[PDB]
Amino acid sequence: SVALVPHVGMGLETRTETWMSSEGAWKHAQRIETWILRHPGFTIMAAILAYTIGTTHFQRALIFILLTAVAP
Amino acid sequence: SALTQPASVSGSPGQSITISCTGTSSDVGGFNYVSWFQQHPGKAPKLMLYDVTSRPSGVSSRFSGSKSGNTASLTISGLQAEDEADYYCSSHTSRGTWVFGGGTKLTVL
Amino acid sequence: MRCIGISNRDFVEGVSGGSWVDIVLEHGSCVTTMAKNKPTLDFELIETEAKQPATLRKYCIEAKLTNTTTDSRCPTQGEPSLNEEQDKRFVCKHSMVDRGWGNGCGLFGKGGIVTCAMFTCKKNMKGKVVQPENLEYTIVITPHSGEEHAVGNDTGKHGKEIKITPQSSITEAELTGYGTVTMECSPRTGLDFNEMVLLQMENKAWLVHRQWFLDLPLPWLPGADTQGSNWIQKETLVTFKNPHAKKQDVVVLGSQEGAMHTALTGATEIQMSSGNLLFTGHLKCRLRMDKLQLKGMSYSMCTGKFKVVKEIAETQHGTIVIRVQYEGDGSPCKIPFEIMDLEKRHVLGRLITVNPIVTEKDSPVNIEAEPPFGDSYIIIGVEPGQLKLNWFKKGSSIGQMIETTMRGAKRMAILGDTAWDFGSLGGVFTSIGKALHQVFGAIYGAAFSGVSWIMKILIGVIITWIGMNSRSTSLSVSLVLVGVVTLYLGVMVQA
Amino acid sequence: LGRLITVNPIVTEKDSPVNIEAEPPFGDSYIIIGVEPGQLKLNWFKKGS
Amino acid sequence: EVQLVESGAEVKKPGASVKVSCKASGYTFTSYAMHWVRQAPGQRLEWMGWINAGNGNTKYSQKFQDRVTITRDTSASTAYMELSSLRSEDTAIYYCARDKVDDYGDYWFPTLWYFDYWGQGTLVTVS
Ligand SMILES: *[C@@H]1O[C@H](CO)[C@@H](O[C@@H]2O[C@H](CO)[C@@H](O)[C@H](O)[C@H]2NC(C)=O)[C@H](O)[C@H]1NC(C)=O
Ligand SMILES: *[C@@H]1O[C@H](CO)[C@@H](O)[C@H](O)[C@H]1NC(C)=O
């Protein structure tokens with residue numbers, strides 16, 4: 001629906017305040033932390049898969065944050 | 001699908017009169033096809049304006065028009081006795097048809 | 001004088017070259033100009049107004065479905081047909097049901113069913129658009145010499161009320177007492193219209209991107225559409241319940257108003273009700289001060305016995321405002337105002353309300369000045385009636401240059417390339433910084449756009465990391481302009 | 001800066017408008033028509049180009 | 001130099017058909033459209049208009065779409081007006097209205113001006 005495509009990166013930003021900033025600025029993090037507390041097993045499995053592929057130590061954190069981030 | 005210019009206006013000679021006309025967004029709100037006519041009661045209606053500000057040859061520079069969106073206004077500055085006649089507007093719709101105005105009766109005395 | 005109290009003060013000084021200076025001014029910010037002569041003025045953009053809009057597309061929000069009819073057909077003999085499928089009001093879908101002898105046809109297979117229901121809206125969102133002409137900015141120009149109760153009030157008539165159109169010109173502003181200022185404003189390149197679509201819901205309004213507005217999933221309709229029945233993508237607000245292999249039904253998906261209020265997180269709210277007033281964005285001004293007079297010469301110097309009535313009252317970064325009352329002389333006179341140190345030797349510290357003046361004696365005239373850092377002694381009047389008033393400006397340092405650096409970097413963050421104004425013909429420095437900032441911001445935007453608060457920080461950490469562990473001294477390339485700059489813009493967005 | 005395409009524009013029969021066409025540069029420029037009073041100065045911006 | 005004369009009618013009966021004509025002079029016939037405008041006594045000027053050309057491809061009206069058709073001929077330079085199924089409100093003063101056709105032969109858009117020259121008007125009545 002239109003609850004997605006949230007008009008977030010269209011340029012267009014001025015000095016005045018937008019429609020809902022200080023609610024929309026942190027709602028993405030407060031929704032991704034509730035999901036981990038309600039689903040820890042995918043976090044553990046994404047940790048194992050993220051440690052398996054990605055030889056060098058930075059790719060562990062990159063693939064881990066992307067795997068736990070693309071899954072809402 | 002009709003134009004809504006008013007019934008009748010009047011003004012003393014020497015003043016300036018304004019005749020407005022409102023329409024849809026398909027004939028006047030988007031397009032410049034707005035023209036005016038001089039229907040004398042014993043004569044065919046004569047073309048007094050081209051495109052919204054333009055003007056035919058022979059018509060004096062007394063007549064001038066404008067458009068502000070859905071409203072096209074005709075302004076006669078410095079009226080005389082030779083303006084006691086009807087004024088009919090016109091517009092070409094986006095559909096392809098023409099619509100005319102109701103008619104304004106102008107008197108100076 | 002309408003500018004004291006606003007937390008975005010933006011002093012600009014230096015009218016070199018001819019007698020012009022470049023300024024740029026938002027709605028939320030006011031601008032104070034200073035020169036060696038030609039007394040100080042205050043510039044505030046109060047309203048943007050687009051006159052004649054043209055609607056281009058009408059999205060619907062809430063709808064309803066009546067006349068729900070269905071028709072099925074026995075298996076392998078094709079698919080049905082219904083008489084009101086011919087209209088484009090009736091939303092339709094074909095789907096498979098299974099049929100047998102209990103359904104009353106035969107062949108024991110999987111037939112086909114259809115369902116019609118007419119889609120009638122009840123809440124319209126219309127998105128209007130305006131061309132860069134016939135939109136009218138409005139800027140207020142109020143001068144100093146602060147006669148009483150004209151400090152920061154938006155109300156009241158204290159400034160000139162000129163208005164800017166792209167149809168306009170030099171824009172003479174004959175403000176009384178002083179000279180006549182002219183402004184070569186450039187309103188076409190201000191906010192970059194022909195992408196602004198001014199969508200209007202129930203009683204609110206927003207200012208959104210065009211391409212964001214057009215691909216919005218909702219049943220839409222063209223802008224020039226009378227008798228709004230032929231809604232186009234009606235299937236984005238209905239759904240077809242075929243739970244098991246039996247009859248299928250239609251239900252309205254519901255009101256999209258709250259989800260659309262979630263869609264607008266990032267659009268500045270505007271006011272489309274009795275006029276399409278905007279209160280965001282900016283415009284670039286060219287401020288010519290050829291003809292300005294000080295109003296103060298040909299008045300005698302004052303005689304003494306002033307009296308303070310509102311206290312010294314530092315407001316907002318060291319630009320103190322004191323209000324004084326005068327008693328007794330030939331009443332049109334100047335004011336012996338200066339800022340000294342303790343031993344009255346050095347005139348240190350600058351006067352902002354330049355050349356103050358007393359008129360119609362029984363009325364206060366308030367004075368604004370900029371003290372130095374630390375102790376200073378503000379002196380009003382002559383020796384029989386002096387008022388030697390101490391003021392300790394709260395001791396700052398080098399750090400005033402770092403907060404000026406923060407307002408400059410923030411000003412480059414909100415305004416991309418227009419922020420190389422406030423400068424008057426920099427020549428070999430301003431124009432090259434503006435051109436390089438155009439060719440860097442033009443490949444920054446539309447190659448890093450569309451991402452959010454978080455992703456700018458994430459790509460900033462990635463570029464900072466793969467630059468920091470690089471070789472051949474390309475680390476400066478991948479750090480000083482793309483690493484910490486994108487990390488800096490990651491914390492300034494969503495303004 | 002900016003070529004004029006309708007070369008030598010002429011007013012004749014004074015109460016009749018005359019439409020001039022120009023060719024602006026690739027950036028920002030200004031359109032000057034009158035001379036001593038009523039100096040008709042119009043702005044125009046051209047994308048890319 | 002441009003004169004547009006017409007052919008009048010005295011009085012008609014409801015249930016009949018009227019055929020008013022108009023001669024165009026001063027200019028050629030093949031690249032000029034010729035519309036039709038009503039004027040009822042003391043009413044709005046309604047639109048009979050027919051977008052004629054040198055080929056004859058012509059659009060109907062909207063109120064009178066399935067009620068009236070016309071003819072034309074180039075050698076006489078006359079556009080006709082065959083108003084069928086006459087009624088009591090069909091009495092008006094009918095005008096022929098000169099208009100100009102695009103130089104590509106077709107008539108897609110009308111010009112900036114419409115009606116530089118007119119007919120004198122034929123006051124038809126019904127009885
Ligand atoms: C901003 O300016 C207005 C206009 O002068 C001030 O309103 C005046 O207030 C005084 C206070 O005694 C009245 O005597 C005047 O009659 C008011 N003027 C009017 C109503 O036009 C207003 O006070 C100023 N703002 C502040 C904060 O002082
Ligand atoms: C829908 O049903 C109502 C109630 O009988 C009826 O009045 C209406 O005509 C129906 N709609 C159509 C398009 O037939």
Please give the number of the condition B:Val52 fails out of (1) closer than 17 Å to B:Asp86 by Cβ; (2) within 14 Å of chain D (Cβ to nearest Cβ).
(1)
Within segment C:204-236, residues more than 9 Å from chain A (Cβ to nearest Cβ), surrounded by 14 or more Cβ atoms within 10 Å (Cβ to Cβ) and part of a strand (DSSP E or B) come out as C:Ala205
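With respect to C:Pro75, is the statement that it is without any contact (Cβ under 8 Å) to a residue 60 or more places away in the chain and either more than 14 Å from chain B (Cβ to nearest Cβ) or within 16 Å of ligand 1 (Cβ to nearest atom) (or both) true?
Details: without any contact (Cβ under 8 Å) to a residue 60 or more places away in the chain: yes; either more than 14 Å from chain B (Cβ to nearest Cβ) or within 16 Å of ligand 1 (Cβ to nearest atom) (or both): yes.
Criteria met by C:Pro75.
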Take the residues of segment C:86-99 that are surrounded by 15 or more Cβ atoms within 10 Å (Cβ to Cβ) and free of Cβ contacts under 8 Å to residues at least 60 places away in the same chain: which is farthest from ligand 1 (Cβ to nearest atom)?
C:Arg99
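State all residues of segment A:20-62 that are farther than 25 Å from C:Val491 by Cβ and of a type in the set (A, V, I, L, M); if no residue qualifies, say none.
Taking segment A:20-62 as the starting set, the residues that turn out to be farther than 25 Å from C:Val491 by Cβ are A:37-57, A:59-60.
Residues satisfying the conditions are A:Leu37, A:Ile44, A:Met45, A:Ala46, A:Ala47, A:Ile48, A:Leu49, A:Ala50, A:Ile53.
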Would you mention how many residues in segment E:83-112 are surrounded by fewer than 18 Cβ atoms within 10 Å (Cβ to Cβ) and within 13 Å of chain B (Cβ to nearest Cβ)?
5
Got at least one residue in segment C:438-456 being surrounded by fewer than 14 Cβ atoms within 10 Å (Cβ to Cβ) and hydroxyl-bearing (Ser, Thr, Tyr)?
yes
Quick one: is C:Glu314 surrounded by fewer than 20 Cβ atoms within 10 Å (Cβ to Cβ), more than 14 Å from chain A (Cβ to nearest Cβ) and acidic (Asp, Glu)?
yes
Selection from segment C:145-172 of residues that are within 14 Å of chain D (Cβ to nearest Cβ) and part of a loop (DSSP other than H, G, I, E, B)
C:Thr165, C:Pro166, C:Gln167, C:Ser168, C:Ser169, C:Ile170, C:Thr171
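Table: residues versus (1) away from ligand 1 (no atom under 16 Å from the Cβ); (2) among the β-branched types (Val, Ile, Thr); (3) part of a loop (DSSP other than H, G, I, E, B).
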{"position": "C:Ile61", "(1), (2), (3)": "yes, yes, no"}
{"position": "C:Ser81", "(1), (2), (3)": "yes, no, yes"}
{"position": "C:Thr120", "(1), (2), (3)": "yes, yes, no"}
{"position": "C:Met125", "(1), (2), (3)": "yes, no, no"}
Scanning segment A:1-34 for residues that are part of a loop (DSSP other than H, G, I, E, B), more than 7 Å from chain C (Cβ to nearest Cβ) and either more than 27 Å from C:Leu25 (Cβ to Cβ) or touching a residue at least 12 places away in the same chain (Cβ under 8 Å) (or both) gives A:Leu4, A:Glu23, A:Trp26
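Would you mind finding the one in C:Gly254, C:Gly258 that is within 12 Å of chain A (Cβ to nearest Cβ) and at positive phi? Before the answer, list the steps.
Details: C:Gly258 fails: at positive phi.
When all the criteria are applied, what remains is C:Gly254.
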Given the conditions (1) surrounded by fewer than 19 Cβ atoms within 10 Å (Cβ to Cβ); (2) within 30 Å of E:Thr122 (Cα to Cα), every one holds for B:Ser73 apart from (2)
Give the residue that is surrounded by the fewest Cβ atoms within 10 Å (Cβ to Cβ), with candidates limited to residues of segment C:173-203 that are more than 11 Å from every other protein chain (Cβ to nearest Cβ) and small (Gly, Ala, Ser).
C:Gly177
Of the conditions (1) closer than 28 Å to C:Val24 by Cβ; (2) away from chain A (no Cβ under 14 Å); (3) among the small types (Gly, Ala, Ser); (4) over 23 Å from the mean Cα position of the chain (by Cα), C:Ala447 fails just one. Which one is it?
(2)
Just to be sure, is C:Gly254 more than 30 Å from C:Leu292 (Cβ to Cβ) and in contact (Cβ under 8 Å) with a residue 60 or more places away in the chain?
yes
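Quick check on segment D:28-45: of everything there that is in a loop (DSSP other than H, G, I, E, B) and more than 10 Å from chain C (Cβ to nearest Cβ), which residue is nearest to C:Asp192 (Cα to Cα)?
Just the residues of segment D:28-45 that are in a loop (DSSP other than H, G, I, E, B), to begin with: D:33-40.
So of that shortlist, the ones also more than 10 Å from chain C (Cβ to nearest Cβ) come out as D:33, D:35-37.
Values: D:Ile33: 26, D:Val35: 31, D:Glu36: 33, D:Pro37: 32 Å.
Filtering first and then ranking leaves D:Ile33.
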State all residues of segment C:46-84 that are surrounded by fewer than 17 Cβ atoms within 10 Å (Cβ to Cβ) and within 16 Å of ligand 2 (Cβ to nearest atom); if no residue qualifies, say none.
C:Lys64, C:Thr66, C:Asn67, C:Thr68, C:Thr69, C:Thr70, C:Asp71, C:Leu82, C:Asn83, C:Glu84
Name the pairs: first residue in segment C:48-67 and more than 18 Å from B:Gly69 (Cβ to Cβ) and more than 14 Å from chain B (Cβ to nearest Cβ), second residue within 16 Å of ligand 1 (Cβ to nearest atom) and among the hydrophobic types (A, V, I, L, M, F, W, C), Cβ to Cβ under 7 Å, at least 6 apart or on different chains?
none
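I'd like to know if segment C:97-113 contains one or more residues that are within 16 Å of ligand 2 (Cβ to nearest atom) and either assigned to a loop (DSSP other than H, G, I, E, B) or not aliphatic (A, V, I, L, M) (or both).
Checking segment C:97-113: not a single residue is within 16 Å of ligand 2 (Cβ to nearest atom) and either assigned to a loop (DSSP other than H, G, I, E, B) or not aliphatic (A, V, I, L, M) (or both).
Out of C:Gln167, C:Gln131, I need the residue that is more than 16 Å from ligand 1 (Cβ to nearest atom), without any contact (Cβ under 8 Å) to a residue 40 or more places away in the chain and farther than 19 Å from C:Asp290 by Cβ. Which one? Break it down into steps so the answer makes sense when it comes.
Working: C:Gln131 fails: without any contact (Cβ under 8 Å) to a residue 40 or more places away in the chain.
Step by step, each of C:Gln167, C:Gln131 is checked, and only C:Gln167 is more than 16 Å from ligand 1 (Cβ to nearest atom), without any contact (Cβ under 8 Å) to a residue 40 or more places away in the chain and farther than 19 Å from C:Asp290 by Cβ.
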Take the residues in segment C:85-96 that are closer than 17 Å to C:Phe240 by Cβ and either within 14 Å of chain A (Cβ to nearest Cβ) or of a type outside the set (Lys, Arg) (or both), then tell me which one is farthest from ligand 2 (Cβ to nearest atom).
C:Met96
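Residues checked against (1) part of a loop (DSSP other than H, G, I, E, B); (2) under 16 Å from B:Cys21 (Cβ atoms); (3) within 11 Å of another protein chain (Cβ to nearest Cβ):
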residue	(1), (2), (3)
B:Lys43	yes, no, yes
B:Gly69	yes, yes, yes
B:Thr75	no, yes, no
B:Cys89	no, yes, yes
B:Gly102	yes, yes, yes
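Working only within segment B:1-23, note down all residues that are assigned to a loop (DSSP other than H, G, I, E, B) and either surrounded by 19 or more Cβ atoms within 10 Å (Cβ to Cβ) or within 14 Å of chain E (Cβ to nearest Cβ) (or both).
Taking segment B:1-23 as the starting set, the residues that turn out to be assigned to a loop (DSSP other than H, G, I, E, B) are B:1-7, B:11-12, B:14, B:23.
Selection gives B:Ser1, B:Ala2, B:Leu3, B:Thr4, B:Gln5, B:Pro6, B:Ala7, B:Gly23.
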State whether one or more residues within segment E:72-81 are aromatic (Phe, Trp, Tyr) and free of Cβ contacts under 8 Å to residues at least 60 places away in the same chain.
no
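Can you tell me which residue among C:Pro143, C:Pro187 is over 27 Å from B:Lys67 (Cβ atoms) and in contact with a strand residue (DSSP E or B) (Cβ under 6 Å, 6 or more places away or on another chain)? Can you show your working first?
Values: C:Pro187 fails: over 27 Å from B:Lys67 (Cβ atoms).
Of C:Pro143, C:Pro187, the one residue that is over 27 Å from B:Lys67 (Cβ atoms) and in contact with a strand residue (DSSP E or B) (Cβ under 6 Å, 6 or more places away or on another chain) is C:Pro143.
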Scope segment A:37-60; condition surrounded by 13 or more Cβ atoms within 10 Å (Cβ to Cβ), aliphatic (A, V, I, L, M) and either closer than 30 Å to C:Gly266 by Cα or free of Cβ contacts under 8 Å to residues at least 24 places away in the same chain (or both); matching residues
A:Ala47, A:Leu49, A:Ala50
Checked C:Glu161, C:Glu147 against criteria (touching a residue at least 24 places away in the same chain (Cβ under 8 Å) and away from ligand 2 (no atom under 16 Å from the Cβ)); the one match is C:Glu147
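Don't worry about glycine lacking a Cβ; one is built from the backbone with ideal geometry, like all the others, and counts go over all protein chains shown. Bear in mind these aren't lab numbers, they're just calculated from the coordinates by the rules spelled out.
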